[PDB]
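Novice: Pasting the sequence and an experimental structure:
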Amino acid sequence: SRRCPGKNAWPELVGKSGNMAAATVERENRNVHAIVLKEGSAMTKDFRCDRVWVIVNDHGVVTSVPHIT
């Protein structure tokens with residue numbers, strides 16, 4: 001059993017504002033929730049469909065792929 005509804009990764013978000021990214025996740029996937037954080041943020045590592053990490057740079061730009069994590 002490992003198949004959650006909604007997209008699990010938004011590679012196309014790489015390069016977009018952490019806000020637009022998180023929004024895209026919660027919007028495109030109403031079954032998940034995205035959180036905004038910068039590169040190196042002390043965040044969980046486990047897997048959570050309702051949780052999507054939005055890693056952005058000092059400019060608030062999504063540098064890492066926002067995927068169900």
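Specialist: Okay, I see it. Residues are numbered from 1 along each chain as shown.
Novice: so where do the helices sit in the chain?
Specialist: Assigned by DSSP state H, the helices in the chain fall at 18-28.
Novice: Strands of that one, start to end?
Specialist: Listed in chain order, the strands of the chain (DSSP state E) span 33-38, 51-56.
Novice: And the first one, what does it pack against?
Specialist: In this structure, strand 33-38 makes packing contacts with helix 18-28, strand 51-56, judged by 3 or more C-beta pairs under 8 Å, 6 or more residues apart in numbering; DSSP states H and E. Every residue, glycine included, has its C-beta placed from N, CA and C.
Novice: Look up how far residue 62 lies from residue 44.
Specialist: As judged by C-beta to C-beta, to the nearest Å, residue 44 and residue 62 stand 18 Å apart.
Novice: wait, isn't residue 37 in contact with residue 51?
Specialist: No. Contact between residue 37 and residue 51 fails when scored by C-beta atoms under 8 Å: they sit 11.1 Å apart.
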